[PDB]
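Residues per chain are reported as follows:
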Protein chains: 2
Amino acid sequence: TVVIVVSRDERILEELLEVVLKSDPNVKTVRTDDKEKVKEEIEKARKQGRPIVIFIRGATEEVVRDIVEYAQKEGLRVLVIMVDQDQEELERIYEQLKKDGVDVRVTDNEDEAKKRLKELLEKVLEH
Amino acid sequence: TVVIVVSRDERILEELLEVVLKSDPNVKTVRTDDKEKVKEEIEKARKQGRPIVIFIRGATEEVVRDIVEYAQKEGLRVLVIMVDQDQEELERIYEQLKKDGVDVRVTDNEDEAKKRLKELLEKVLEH
């Protein structure tokens, strides 16, 4: 009933939106990162009795959580397709680095990266 | 000797570059996604006998592989810091979706996403 396509890549969201619009012009589509706009459209999708595909970047874990909960409490089925193009290319880089003897550290934010880099230079700039 | 900071996020690369420039102005830095420019700078880093931090977006697995091999065959130590801010936020979304009963599919490219979405609509648009 409610399909959510999640991707940080705007170009990918555009292309998938196109695929939906050109394949079956009868399913509703909405491109927005605004939770309210989403709810407003899900409802119109209800009145018109049509399925809806939502295109979002995420990635707020709260925004996706709300949308999923909102639709479920109305008995709407929720299907999700996540597209993480980045993830997979980074994964291969990581493997090769490890493949060699490279001491690789994967950080999840600049704050963490900052700490590790400083700690790295504070101990490499030393001879 | 050679530090490579990999991140798809330009703003993160900028901030880390800043951290290096403001903390120890004696270590060489280079921001480029061009393999040749990198080699040209690694060498200058050699002549001047200084360590170097390279800031790249990647994520070509070939580009990172070459740089790592180039420096190693010169007996340079290679340390890497990868910063994947995206990955971690997507990871949490995925968990919540799974937390609920959401049938979630993670695709690694639009080609794959296209197939799965079409297959999804070809079977949902059906009553």
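Basis of the calculations
Residues numbered from 1 in each chain as written, not as in the entry; some residues may be left out. Chains lettered and ligands numbered in written order. Heavy atoms only, no water. Residues with missing side-chain atoms left out of burial classes, pairs and counts. Helix = DSSP H or I, 4+ residues; strand = E, 2+ residues; numbered from the N terminus. Buried < 20%, exposed > 50% of the residue type's maximum accessible area, 1.4 Å probe, protein only. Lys, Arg positive; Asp, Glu negative; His and termini not counted. Salt bridge = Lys/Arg side-chain N within 4 Å of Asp/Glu carboxyl O. Contact = heavy atoms within 4.5 Å. Pairing = 2+ DSSP bridges. Axes fitted to C-alpha atoms, helices over the stretch in contact; angles between N-to-C directions. Expected span 1.5 Å × (residues − 1). Least-squares fit on C-alpha atoms. Parallel < 35°, antiparallel > 145°, perpendicular 65-115°, else oblique. Left-handed = near helix turned anticlockwise from the far one by under 90°. Nonpolar A, V, L, I, M, F, W, Y, C, P; charged D, E, K, R; others polar.

Method of structure determination, per the deposited record: X-ray crystallography was used for this entry, reaching 2.100 Å resolution.

Undergrad: Can you help me understand the side chain of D84(A) in this one?
TA: Positionally, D84(A) belongs in the loop between strand 4 (78–83) and helix 4 (85–99). Comment: no salt bridge for buried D84(A); closest opposite-charge side chain is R8(B), at 10.0 Å. Residues within four places of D84(A) in sequence aside, it is in contact with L90(B), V106(B), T107(B) and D108(B).

Undergrad: Quick question: what am I supposed to make of the sheet that holds strand 2 (residues 28–31) of chain A here?
TA: Sheets are built from strands paired through backbone hydrogen bonds, the pairs being either parallel or antiparallel. Pairing is parallel in the open sheet, where 5 strands are placed in the order 2(A)-3(A)-1(A)-4(A)-5(B). In the strand order of this sheet, the two ends are held by strand 2 of chain A together with strand 5 (103–107) of chain B, each with one partner. With direction set aside, neighbouring strand axes in the sheet form an average angle of 15°. Packed onto the sheet, helix 2 (residues 35–47) of chain A meets strand 1 (2–6), strand 2 and strand 3 (52–56) of chain A and runs at close to 165° relative to strand 3 of chain A.

Undergrad: Can you help me understand the pattern of salt bridges in this one?
TA: Opposite charge on two side chains lets them pair, provided their charged atoms get close. If you walk through the whole model with that rule in mind, you get 34 salt bridges over all chains. Here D33(A) ties to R31(A) by a salt bridge, and the two come within 3.1 Å at their closest N and O atoms. Using a relative accessible area of 40% as the deciding quantity, one classes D33(A) as partly exposed. A salt bridge links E69(B) to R65(B); its shortest N-O distance comes to 3.0 Å.

Undergrad: Can you help me understand helix 2 (residues 35–47) of chain B in this one?
TA: Within an α-helix, residues lying three or four positions from one another point in the same direction, as the helix has 3.6 residues per turn. Residue and element names in this part refer to chain B. Along its 13 residues, helix 2 runs 19 Å from first to last C-alpha, staying within 8% of the 18 Å computed at 1.5 Å per residue. Buried within helix 2 are the following residues: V38, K39, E41, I42 and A45. Lining the buried residues of helix 2 we find strand 1 (2–6), strand 2 (28–31), strand 3 (52–56) and helix 3 (61–72). Looking one or two places after helix 2, you find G49, whose phi comes out positive at around 55°.

Undergrad: Help me understand the interface of chain B and chain A in this model?
TA: Residue-level contacts link 59 residues of chain B with 59 residues of chain A. Looking at the side of chain B that touches chain A, the elements with two or more residues in it are strand 1, helix 1 (10–23), helix 3, strand 4 (78–83), helix 4 (85–99), strand 5 and helix 5 (110–124) of chain B. Take the side of chain B that touches chain A: its biggest share by element is 11 residues, from helix 4 of chain B.

Undergrad: Looking at this structure, how should I read the sheet that holds strand 5 (residues 103–107) of chain A?
TA: With parallel pairing, 5 strands are arranged side by side in an open sheet as 5(A)-4(B)-1(B)-3(B)-2(B). With one partner strand each, in any of the chains shown, strand 5 of chain A together with strand 2 of chain B form the two edges of the open sheet. Across the sheet, the axes of successive neighbouring strands diverge by a mean angle of 15°, strand direction being ignored.

Undergrad: Looking at this structure, I do not really get the relation of the copies chain B and chain A. What am I missing?
TA: For the pair of chain copies, the relating operation is a rotation around an axis with a shift along it. Once chain B is rotated about the relating axis by 180° and shifted along it by 0.0 Å, it coincides with chain A to within an RMSD of 0.0 Å. The symmetry that links the two subunits is that of a two-fold axis. Closest approach to the rotation axis among the C-alpha atoms of chain B is made by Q87(B), whose C-alpha sits 3.0 Å away. In this assembly, 100% of the residues forming the interface of chain B have copies in chain A that are likewise at the interface, indicating an isologous arrangement.

Undergrad: What exactly am I supposed to notice about the packing of helix 3 (residues 61–72) of chain A against helix 4 of chain B here?
TA: Angle between the axes and distance between the axes: these two values describe a pair of packed helices. Across the interface, helix 3 of chain A lies against helix 4 of chain B with an axial gap of 9 Å and an inter-helix angle of 20°. One finds that helix 3 of chain A runs roughly parallel with respect to helix 4 of chain B. Once helix 3 of chain A is placed against helix 4 of chain B, the crossing between them reads as right-handed. Side by side, helix 3 of chain A and helix 4 of chain B meet where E61(A), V64(A), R65(A) and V68(A) of the first sit next to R92(B), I93(B), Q96(B) and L97(B) of the second. For the contact of helix 3 of chain A with helix 4 of chain B, the per-class residue count stands at 4 nonpolar, 1 polar and 3 charged.

Undergrad: Can you help me understand the pairing of strand 4 of chain A in this one?
TA: Strand residues, when the strand is regular, have side chains that alternate between the two faces of the sheet. Residues and elements named next belong to chain A. Strand 4 sits mainly inside the fold: 6 of its 6 residues count as buried. Alternating residues of strand 4 divide into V78, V80 and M82 and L79, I81 and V83, and every residue in both groups is buried. Taken together, the 5 bridges between strand 1 and strand 4 define a ladder with parallel strand orientation. Bridged to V6 within strand 4 is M82.

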